[PDB]
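The chain below stands alone and is given as structure tokens, in the form deposited in one PDB entry.
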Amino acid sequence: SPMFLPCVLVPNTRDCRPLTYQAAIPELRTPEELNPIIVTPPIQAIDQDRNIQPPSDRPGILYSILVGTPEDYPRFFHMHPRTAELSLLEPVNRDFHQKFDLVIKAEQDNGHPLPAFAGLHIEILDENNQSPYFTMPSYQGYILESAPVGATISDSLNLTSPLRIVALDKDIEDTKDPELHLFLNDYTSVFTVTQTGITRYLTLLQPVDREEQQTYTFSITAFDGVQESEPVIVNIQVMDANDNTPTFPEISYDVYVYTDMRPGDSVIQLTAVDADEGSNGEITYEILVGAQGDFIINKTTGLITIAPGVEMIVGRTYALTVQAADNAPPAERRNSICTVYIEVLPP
């Protein structure tokens, strides 16, 4: 006799469409967090005649859950008899409960129950409740300092394959992009990470200079819109290019020697500078021409001395063209020239 609202007319008839009220419940959230459970549309039954006039208070209607499936619903739900307010009693685990289908009873309390019934369907919702994660505990990358902007960080010294950063999330099914946001905690003006895909890569925003900074250490944090991952730590090694030339302090050197000096005496100590790494910075000194057999230089020290079995003479002048070269492979080798002007003087 009472009718649930709304009465949706069945066209070409005078009948109300049977109602199935709808509710949805986020898995694992507490009654405190969720109550009261919002029902769409709101549950409500009214009386037909007499109540042609303003009902105001005291509807005289009692609500209850008549029956439901699965049968443990009483464990999770309670309905208030007068207000039909739906209360969750315990958090719901979707692994065990995906849905409930209940039957709602509405009857009068005057002693003459003429029950009415309606459906109530309750979905248990999956939620973004798993933190994203990286599939490696850390990441080691390599980049050649001569790499241009846009270059991809490599995962080995060979620089043959890109550094792969895989960020997953258990809320997202396999082989599907979890659409995570990745935060870098440092060097965001130097490196950037690709912004889509299950596998991410690191590329250069700015060129890097090994001679300026040879290593970068920072951490990446994934974010799914709700929870962050643990930060994962990253080290990037900048690899040396032979992009520095062995350099003398000056273009030419004026030096005087003396007649009483003999084989094995320091004439001048030349020192060139190469900031590159290892053999790329390893300098070799050579007199190309001009010594006339009277002077030699130490290949590794750069010290010029008197040649063996050689005696100075008073007026003699020399123009030594001295080369400093690094020990990179010939294809990448760099060098520069210093001219040493030597003049013999009396003591």
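Numbers for residues come from their place in the sequence shown, where the first is 1. We call the rigid core the largest set of C-alpha positions that still match within 1.5 Å between the two forms.
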| item | value |
| --- | --- |
| Of 51-59 and 309-317, the stretch whose C-alpha atoms average the higher B-factor in the entry | 51-59 |
| Mean Cα B-factor comparison, 194-202 or 253-261, giving the higher one as deposited | 253-261 |
| Residue with highest C-alpha B-factor in the PDB entry, from 112, 105, 181, 99 | 112 |
| B-factor third for the C-alpha atom of residue 176 within its chain | highest |
| Chain third (lowest, middle, highest) by recorded CA B-factor, residue given as residue 268 | highest |
| Ranked against its chain, the third holding the CA B-factor of residue 95 | highest |
| Chain thirds of CA B-factor: placement of residue 160 | highest |
| Third of the chain's Cα B-factor distribution that residue 22 belongs to, per the entry | lowest |
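As for the form deposited in another entry, it is not shown, yet the points below apply to it.
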| item | value |
| --- | --- |
| CA of residue 191, rigid core aligned, shift of 2 Å or more between this form and the one not shown | no |
| Residue 162 C-alpha moves between this form and the one not shown by 2 Å or more, core aligned | no |
